[PDB]
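# Fold and contact review
If you want the building blocks of each chain, they are given just below.
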Amino acid sequence: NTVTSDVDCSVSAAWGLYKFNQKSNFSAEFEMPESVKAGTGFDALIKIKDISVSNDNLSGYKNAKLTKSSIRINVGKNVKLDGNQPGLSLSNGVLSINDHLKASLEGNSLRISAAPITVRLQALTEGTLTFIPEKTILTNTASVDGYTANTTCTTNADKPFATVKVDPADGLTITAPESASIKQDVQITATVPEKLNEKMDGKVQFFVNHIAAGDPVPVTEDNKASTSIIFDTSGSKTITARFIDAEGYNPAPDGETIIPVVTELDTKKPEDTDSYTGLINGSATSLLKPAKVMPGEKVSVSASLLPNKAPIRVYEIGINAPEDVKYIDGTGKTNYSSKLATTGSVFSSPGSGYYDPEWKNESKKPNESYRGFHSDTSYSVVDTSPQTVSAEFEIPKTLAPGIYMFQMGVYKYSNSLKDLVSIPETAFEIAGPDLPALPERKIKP
């Protein structure tokens, strides 16, 4: 990263009575971090390489020293000097390195040299620092044989010495579950960088879907802030933390996060020793990436039971859609050979040797969309291959906005287990209205 660029020098000496041109090369090594954070001090080491100038009248001179000098570098407007640093000045994106050049006379030649200069900088905002040489890269004043010579060297180098990526400074974070159900406490924690909260007297105003949620929470001694939110309805909820300082300015960006919220999550019972998966429109979704579906739409769902162990006894499987979502007739297939024993929560025998789930007795029953299937061959499952049921459903055009999930109805084991299992891989979401705009941040002037 030693960047070379040739220069054109004008000399005025003896009060302008003796002007001449001179060509030369300016060459410098800029060692800086490849990358930094906005706001973090860093060093720039500048090695300037020696220059020879070979005018023939130099052999004729008896003494020389520089009395002034300047290296002019275009460092842009995204940087400042970190600490008063003598010799160095910064004005209008011009870093001016002053009085650092030494000039030793050497017969026929003039050797201009410099001890490496260290410059501590810090960038202001996220972006890039680009170091360009200035057109007038170099001026100096020389005292030769009792005369004063003024020099101005211009260059045409477009080529940056170094580039530095400015990554942003640390920002607010927010910690929420994962996922949540309605009617339950959800803890939310914001954290504020040490650096925004230096004076240790700030607050964090939370928002839920862009509405203010409670009074601003005062930040703790450990730069944290917490609230507790109880959700009313399902949906991808946007949580926003806004930081406020001693005199309510919002100097930092807001932190945002999203919590998927469900009506309920019906996990497999503890004694259910298997596990489950599914698909919706041929894909395993997640309640964090729910399928985007509009009301009025027909979807296809698959639900699989993945045995932990074989053989297990497995009697009835089926897909229990959400309330109002209607089953499409004759679409329910199994992985295997089967007859349909159960419509709704009503069982009726499709032959002798078929066991009744008695969903009637259970506290949670399947709804009108549920279709339950028994194997005609055997109730034993020979291996650990997925036991899959799949069908197509219709979403009514009036189904409410929120996050929805399909369930698997299952009745199994010698020790008779009956359960409805929410399969997050089948999650879809009916979009609500666009959030309202957030109140504007109050930036300091």
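Residues numbered from 1 in each chain as written, not as in the entry; some residues may be left out. Heavy atoms only, no water. Residues with missing side-chain atoms left out of burial classes, pairs and counts.

Method of determination, as annotated in the archive: X-ray crystallography, at 2.75 Å resolution.

The strand order 17-19-23 describes an open sheet built from 3 strands, whose pairing is antiparallel. Taken across any chain shown, the strands that pair with only one partner, and hence form the sheet edges, are strand 17 (173–175) and strand 23 (224–230). Going across the sheet, the axis of each strand differs from the next one's by a mean of 20°, ignoring polarity. Sheet analysis places strand 17 next to strand 19 (residues 185–191), joined by 3 bridges and oriented antiparallel. Counterpart to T173 in the pairing with strand 19 is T191. (Pairing = 2+ DSSP bridges. Helix = DSSP H or I, 4+ residues; strand = E, 2+ residues; numbered from the N terminus. Axes fitted to C-alpha atoms, helices over the stretch in contact; angles between N-to-C directions.)

A word on the state of the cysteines. The tally for this structure, following the rule as stated, stands at 1 disulfide. Note on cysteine connectivity: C9 is disulfide-linked to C153, with sulfurs 2.1 Å apart. With the S-S bond torsion at 115°, the cross-link from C9 to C153 turns out right-handed. Taken as a pair, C9 in strand 1 (residues 2–13) and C153 in strand 15 (residues 147–155) lie far apart in primary sequence, 144 residues in all. Residue classification places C153 among the buried residues on the basis of a relative accessible area of 4%. (Disulfide = S-S within 2.5 Å. Buried < 20%, exposed > 50% of the residue type's maximum accessible area, 1.4 Å probe, protein only.)

Two faces make up the sheet, and in a regular strand the side chains alternate between them. Bridge count between strand 26 (residues 275–280) and strand 28 (residues 298–306): 6 bridges; the pairing is antiparallel. The partner of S275 across the bridge, within strand 28, is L306. In the sheet, strand 28 pairs with strand 36 (residues 387–394) via 8 bridges, with the strands oriented antiparallel. Note that in strand 36 the partner of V301 across the bridge is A391.

The step from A310 to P311 runs through a cis peptide bond, and the omega angle for that step is -5°. Its location among the elements puts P311 in the loop between strand 28 and strand 29 (312–320). Phi is positive for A14, which is not a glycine, with a value near 50°. The residue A14 is located in the loop between strand 1 and strand 2 (18–31) in this model. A14 gets classed as buried once you look at its relative accessible area, which sits at 13%. At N223, a residue that is not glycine, the phi angle is positive and equals roughly 55°. In this structure, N223 sits in the loop between strand 22 (217–218) and strand 23.

This part takes up the domain arrangement of the protein chain. Interface size is often expressed as the accessible area that is lost when the parts come together. Domain boundaries assigned for the protein chain yield domain 1 (1–168), domain 2 (172–263) and domain 3 (274–431). For domain 1 versus domain 2, the distance between C-alpha centres works out to 50 Å. (Domains from an automatic or database assignment.)

Strand order in this open sheet of 10 strands is 7-12-4-2-1-15-14-6-9-8, and the pairing throughout is antiparallel. A strand with exactly one partner marks an edge of an open sheet, and here the two such strands are strand 7 (79–81) and strand 8 (88–91). In this sheet, neighbouring strand axes are inclined to one another by 30° on average, regardless of whether the strands run parallel or antiparallel. Of the strand pairs in this sheet, strand 14 (residues 132–144) and strand 15 are connected by 8 bridges, and their pairing is antiparallel. For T139, the partnering residue across the bridge sits in strand 15 and is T152.

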